[PDB]
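Asker: Got a structure for you, written out below as structure tokens; questions coming shortly.
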Amino acid sequence: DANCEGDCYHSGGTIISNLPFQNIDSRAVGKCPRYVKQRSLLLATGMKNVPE
Amino acid sequence: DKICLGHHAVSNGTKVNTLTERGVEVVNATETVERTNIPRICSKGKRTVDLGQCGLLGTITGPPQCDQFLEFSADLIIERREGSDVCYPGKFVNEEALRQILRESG
Amino acid sequence: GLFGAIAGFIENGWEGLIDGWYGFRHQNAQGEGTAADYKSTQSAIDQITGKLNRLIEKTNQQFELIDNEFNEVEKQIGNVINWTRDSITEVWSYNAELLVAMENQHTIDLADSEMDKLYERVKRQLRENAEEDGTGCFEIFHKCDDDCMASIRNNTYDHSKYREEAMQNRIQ
Amino acid sequence: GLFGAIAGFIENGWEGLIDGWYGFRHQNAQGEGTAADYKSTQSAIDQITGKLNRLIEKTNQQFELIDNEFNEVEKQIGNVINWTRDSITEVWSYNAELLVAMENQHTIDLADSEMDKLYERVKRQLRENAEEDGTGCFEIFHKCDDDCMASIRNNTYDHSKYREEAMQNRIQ
Amino acid sequence: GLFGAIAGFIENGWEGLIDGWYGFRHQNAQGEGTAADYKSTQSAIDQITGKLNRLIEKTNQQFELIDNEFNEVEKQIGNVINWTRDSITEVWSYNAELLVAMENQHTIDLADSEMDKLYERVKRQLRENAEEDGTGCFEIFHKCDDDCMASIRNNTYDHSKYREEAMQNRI
Ligand SMILES: *[C@@H]1O[C@H](CO)[C@@H](O)[C@H](O)[C@H]1NC(C)=O
Ligand SMILES: *[C@@H]1O[C@H](CO)[C@@H](O)[C@H](O)[C@H]1NC(C)=O
Ligand SMILES: *[C@@H]1O[C@H](CO)[C@@H](O)[C@H](O)[C@H]1NC(C)=O
Ligand SMILES: *[C@@H]1O[C@H](CO)[C@@H](O)[C@H](O)[C@H]1NC(C)=O
């Protein structure tokens with residue numbers, strides 16, 4: 283596909299993402315986010331939620 | 019007369035992990051691990067060569083499949099599973115080193 | 340939190356306050372009123388932004404293939420590669436999970452500080468004109484109209500022009 | 340950073356306080372008494388516990404044998420492995436020794452934070468009936484019997500009931 | 340900046356204070372004065388120093404050669420040796436930029452605390468004989484001469500020996 287631009291390729295396609303970590307292919311090549319075993323690591327962008 | 023000052027909150031928040039606790043609700047979170055794949059080679063603006071039935075080493079020797087890839091020039095080279103480097107049966111000594119040389123050869 | 344005002348003495352948050360993160364809610368003669376404090380809310384948002392600008396849009400390094408998915412490489416070298424890669428994955432998986440816990444612990448306490456900084460600043464404006472119950476409130480001991488309330492918010496409260504009046508009701 | 344509590348204006352700890360981590364020690368007409376505060380002591384314990392639960396006994400990846408202790412492998416492939424293994428071992432030690440300190444630093448400021456949270460809680464409880472000694476004490480300006488100190492502890496203290504007597508003894 | 344008091348209620352630093360890091364600046368009828376506080380200043384320096392002894396001057400293992408600049412090695416083993424080295428350089432670079440960012444963040448908050456701790460010590464020294472200005476100042480409600488200002492600094496201030504005037508003037 284010449285409609286999208288990506289720099290991280292693996293045998294199943296491209297990874298276009300600004301995230302530091304990926305979880306798609308440990309053998310991905312190019313300029314890739316680095317592979318983690320974890321499926322999801324949520325970064326807090328707010329305060330403790332103390333509702334009523 | 020009173021004046022009181024406090025912070026906001028929401029009904030349905032997002033649980034996160036900290037140094038000291040599992041699942042602590044917060045106002046917002048965003049993901050750090052990418053999972054959304056694109057099932058295509060994204061090649062916008064990249065000189066691409068899809069070797070197809072041509073094997074990457076077949077560009078050096080030129081078996082009949084590789085007649086169209088004898089002098090290619092690229093930025094992104096793609097090998098496919100059906101690529102065979104040979105017609106008359108045989109194999110390259112130190113094949114992968116030579117493949118690794120050609121993949122970054124341009 | 341670490342400064343105990345996100346869970347310590349502010350009992351709960353205000354789901355109605357969508358103006359900002361931190362804010363004022365007063366009560367006086369004219370009635371109720373709720374407003375948010377920009378200088379504080381933006382101080383924490385500008386800080387989370389720093390973290391995000393640090394974790395996102397990193398320009399990672401370029402790496403090449405050493406394996407082969409179609410024609411498997413020699414065994415002894417294929418294991419040194421499989422082994423090495425599996426080891427680095429440990430490091431990054433550890434580095435990723437630890438970094439988030441470090442950051443999430445920091446952000447959650449960071450927000451506290453902004454609450455306590457606001458609280459302990461407003462209290463100084465009301466030097467001896469008011470007393471704090473301990474729920475995140477300030478019992479004002481003089482007539483504070485809706486203009487006097489807004490006086491507190493933009494830090495124009497002249498403690499002197501209410502003091503003698505306030506000190507009187509304070510002791511009787 | 341630190342808070343003023345642990346090493347600071349609280350000079351020493353109470354080797355006699357085995358009931359918990361934090362606690363009260365009043366003095367009044369009917370004698371002396373010492374009792375631990377549950378909410379703060381447990382609050383710290385529920386935190387250090389959360390740290391161990393992250394380190395102790397977690398799935399660790401299965402690693403295999405690339406090397407050989409009986410029949411040494413080729414010197415060239417063997418020097419690469421010895422080098423990769425040593426490069427990782429530095430990583431795993433930088434990470435560990437840093438992690439322990441980063442936690443130790445946090446844990447030590449953590450318990451410190453919990454004491455200040457206890458202290459400044461009680462301050463608000465006795466609005467104007469007491470002044471802070473500065474050594475971690477509150478000079479109480481009314482008469483506080485045993486069921487008074489107990490009311491200070493379990494957060495039943497009604498400061499409006501003692502205020503008039505208190506505000507008199509102070510100013511004079 | 341978790342405690343205020345550096346970008347917080349304290350307006351700005353004093354460029355003239357070259358004695359220590361934190362200090363007192365008093366104003367009374369006998370004139371003007373400015374001096375340092377050894378306890379707070381040295382308790383931050385001692386900490387900042389402890390960080391330096393943790394990163395500076397640390398030995399590492401001996402690493403020998405597996406490459407060759409002159410007589411290049413076989414390619415297949417070369418791209419592996421390179422791929423590994425380039426992978427460890429990522430790890431140590433990430434560990435470096437993160438360690439320093441976390442280190443500075445703790446350093447700056449470390450100085451907030453020691454400022455704020457000094458401000459809170461004084462506040463409970465003079466108990467009810469002074470009020471919180473809000474800019475880091477204490478309006479003393481009793482005449483405190485240069486010998487009395489010195490009492491606040493070296494922690495010999497007895498608030499009872501002035502507690503009487505104090506309250507009479509706050510009302
Ligand atoms: C909340 O976080 C999500 C994560 O994707 C983001 O898309 C959204 O913009 C955030 N909203 C606010 C109000 O911060
Ligand atoms: C190395 O790992 C790949 C999958 O990542 C596997 O297909 C291959 O068989 C492994 N090679 C050896 C020698 O174990
Ligand atoms: C690798 O290190 C081991 C000890 O862990 C040693 O016995 C062996 O001689 C080393 N191999 C080489 C090639 O240096
Ligand atoms: C490995 O990297 C060096 C530069 O650090 C480069 O000069 C060398 O050619 C690379 N190895 C191979 C086999 O290309």
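Protein chains in written order, with full-length UniProt numbering: chain A, 283 to 334; chain B, 19 to 124; chain C, 340 to 511; chain D, 340 to 511; chain E, 340 to 510. Beta carbons are placed, not taken as given, at the ideal position from N, Cα and C, and that holds for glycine.
Are the Cβ atoms of B/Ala47 and B/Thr32 separated by less than 7 Å?
Answerer: Translated into positions along the second sequence, residue 47 of chain B becomes position 29. Translated into positions along the second sequence, residue 32 of chain B becomes position 14. Cβ atoms of B/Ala47 and B/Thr32: closer than 7 Å.
Asker: How far does the alpha helix (DSSP H) with D/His498 in it extend, from its first residue to its last?
Answerer: Residue 498 of chain D sits at position 159 when you count from the first residue of the fourth sequence. Note, D/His498: alpha helix (DSSP H), 498 to 510.
Asker: Let me check one thing: in DSSP terms, what residues is B/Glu52 bridge-paired to?
Answerer: As a first step, residue 52 of chain B must be located in the second sequence, where it is residue number 34. Per DSSP, A/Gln304.
Asker: Hey, out of D/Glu354, D/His365, D/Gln386, whose CA is closest to D/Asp451's CA?
Answerer: In the fourth sequence, the residue the question calls residue 451 of chain D occupies position 112. The shortest Cα separation from D/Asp451 among D/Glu354, D/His365, D/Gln386 belongs to D/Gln386.
Asker: Three or more beta-carbon pairs under 8 Å between the segment 474 to 493 of chain D and the segment 409 to 425 of chain C, yes or no?
Answerer: No: fewer than three Cβ pairs fall under 8 Å.
Asker: Since I believe B/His26 is in contact with C/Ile357 (beta carbons under 8 Å), could you give me their beta-carbon distance rounded to a whole number of angstroms?
Answerer: For the purposes of this step, residue 357 of chain C is identified with residue 18 of the third sequence, where counting begins at 1. For the purposes of this step, residue 26 of chain B is identified with residue 8 of the second sequence, where counting begins at 1. Contact flag correct, Cβ pair sits at about 7 Å.
Asker: Chain E beta carbons: is any one of them nearer than 7 Å to that of D/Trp422?
Answerer: Here residue 422 of chain D refers to the residue found at position 83 of the fourth sequence. Judged by the 7 Å Cβ criterion, D/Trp422 is in contact with chain E.
Asker: Just the chain D side, please: which residues come within less than 7 Å of C/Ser426 by C-beta, in chain order?
Answerer: Sequence index remark: in the third sequence, residue 426 of chain C carries index 87 (1-based). The contacting residues are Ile427.
Asker: Compare the Cα-Cα distances from D/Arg466 to each of C/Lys456, C/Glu436, C/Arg509 and report the closest residue.
Answerer: Within the fourth sequence, residue 466 of chain D is the residue found at index 127, counting from 1. Ranking the options by Cα distance to D/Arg466, first place goes to C/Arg509.
Asker: Run the proximity test for D/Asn410: is its beta-carbon closer than 6 Å to any non-hydrogen atom belonging to ligand 3?
Answerer: The residue labelled residue 410 of chain D in the question sits at position 71 within the fourth sequence. Flag unset: Cβ of D/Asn410 not near ligand 3.
Asker: Cβ of A/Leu324 within 7 Å of Cβ of A/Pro315?
Answerer: Here residue 324 of chain A corresponds to residue number 42 of the first sequence, with the count starting at 1. Here residue 315 of chain A corresponds to residue number 33 of the first sequence, with the count starting at 1. It is not a contact, given that the beta carbons lie outside the stated cut-off.
Asker: Chain C beta carbons: is any one of them nearer than 7 Å to that of D/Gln400?
Answerer: Reading the fourth sequence from its first residue, position 61 is the one you call residue 400 of chain D. True, the Cβ-Cβ gap to chain C drops below 7 Å.
Asker: Taking the C-alpha atoms as reference points, what is the distance between B/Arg117 and A/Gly294?
Answerer: For the purposes of this step, residue 117 of chain B is taken as the residue at position 99 of the second sequence. For the purposes of this step, residue 294 of chain A is taken as the residue at position 12 of the first sequence. Going by the C-alpha atoms only, they are around 20 Å apart.
Asker: Considering C/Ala375, what are the terminal residues of the beta strand (DSSP E) in which it resides?
Answerer: Taking the third sequence and counting its residues from 1, one reaches residue 375 of chain C at position 36. Where C/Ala375 is concerned, the enclosing beta strand (DSSP E) stretches over 371 to 375.
Asker: I believe D/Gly343 touches D/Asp472 by the beta-carbon criterion, under 8 Å. Please report the beta-carbon distance rounded to the nearest angstrom.
Answerer: Residue mapping note: residue 343 of chain D aligns to position 4 of the fourth sequence, counting from 1. Residue mapping note: residue 472 of chain D aligns to position 133 of the fourth sequence, counting from 1. Contact doesn't hold; Cβ gap of about 14 Å is too wide.
Asker: Note down, in chain order, all residues in the segment 75 to 100 of chain B with a beta-carbon under 8 Å from any beta-carbon belonging to chain E.
Answerer: Flagged: no residues at all.
Asker: Do the segment 389 to 408 of chain D and the segment 421 to 438 of chain C make contact, defined as three or more Cβ pairs closer than 8 Å?
Answerer: Short answer: they touch.
Asker: For a cutoff of 7 Å on Cβ pairs, would you count A/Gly288 as touching chain B?
Answerer: Here residue 288 of chain A is taken as the residue at index 6 of the first sequence, counted from 1. Closer than 7 Å to some Cβ of chain B, the Cβ of A/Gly288 qualifies, so yes.
Asker: Would the beta-carbon of D/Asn407 be found less than 6 Å away from any heavy atom of ligand 3?
Answerer: For this step, residue 407 of chain D is matched to residue 68 along the fourth sequence. False, no ligand heavy atom lies under 6 Å from that Cβ.
Asker: Between C/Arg460, C/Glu470, C/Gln507, C/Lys500, which lies nearest to C/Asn494 when the distance is taken from Cα to Cα?
Answerer: As a first step, residue 494 of chain C must be located in the third sequence, where it is residue number 155. The shortest C-alpha separation from C/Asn494 is found at C/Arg460.
Asker: What whole-angstrom Cβ distance do E/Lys378 and E/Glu442 have, given they're in contact under 8 Å?
Answerer: Counting from 1 along the fifth sequence, the entry for residue 378 of chain E is found at position 39. Counting from 1 along the fifth sequence, the entry for residue 442 of chain E is found at position 103. Not confirmed; about 24 Å, so no contact.
Asker: In the segment 463 to 494 of chain E, which residue ranges form an unbroken alpha helix (DSSP H) of at least 4 residues, counting only runs that do not cross its ends?
Answerer: The segment 463 to 494 of chain E contains these whole alpha helix (DSSP H) runs: 485 to 492.
Asker: To the nearest whole angstrom, what separates the beta carbons of B/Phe110 and B/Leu88, a pair I think is in contact under 8 Å?
Answerer: Start at 1 with the first residue of the second sequence, and residue 110 of chain B comes out as number 92. Start at 1 with the first residue of the second sequence, and residue 88 of chain B comes out as number 70. That belief does not hold up - the Cβ atoms of B/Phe110 and B/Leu88 are roughly 17 Å apart, past 8 Å.
Asker: Name, going along the chain, the residues of the segment 26 to 52 of chain B whose beta-carbon falls closer than 9 Å to a beta-carbon of chain D.
Answerer: Listed by position along the chain: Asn35, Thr36, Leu37, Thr38, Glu39, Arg40.
Asker: Closer than 6 Å: is that where the CB of C/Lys414 sits relative to any heavy atom of ligand 2?
Answerer: Along the third sequence, one-based indexing puts residue 414 of chain C at 75. Yes, the beta carbon of C/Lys414 sits closer than 6 Å to at least one heavy atom of ligand 2.
Asker: Taking E/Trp353 as the reference, which of E/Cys487, E/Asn392, E/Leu404, E/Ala375 has the closest Cα?
Answerer: By 1-based counting over the fifth sequence, the position of residue 353 of chain E is 14. Selected option, being the one with the closest Cα: E/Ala375.
Asker: Should the segment 303 to 321 of chain A be regarded as contacting the segment 44 to 59 of chain B, the criterion being three or more beta carbon pairs within less than 8 Å?
Answerer: As far as the Cβ criterion goes, the segment 303 to 321 of chain A touches the segment 44 to 59 of chain B, which means the pair count is three or higher.
Asker: Taking all protein chains shown into account, decide if D/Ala383 is buried (16 or more other Cβ within 10 angstroms of its Cβ) or exposed.
Answerer: Here the question's residue 383 of chain D lines up with position 44 in the fourth sequence. Answer is buried; the Cβ neighbour count reaches 16.
Asker: Hey, quick one: how far does the beta strand (DSSP E) through E/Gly355 stretch, first residue to last?
Answerer: Translated into positions along the fifth sequence, residue 355 of chain E becomes position 16. No beta strand (DSSP E) holds E/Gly355; DSSP gives it neither H nor E.
Asker: Does the distance between the C-beta of E/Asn421 and the nearest non-hydrogen atom of ligand 4 fall short of 6 Å?
Answerer: Taking the fifth sequence and counting its residues from 1, one reaches residue 421 of chain E at position 82. Checking every heavy atom of ligand 4 against the Cβ of E/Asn421, one is found closer than 6 Å.
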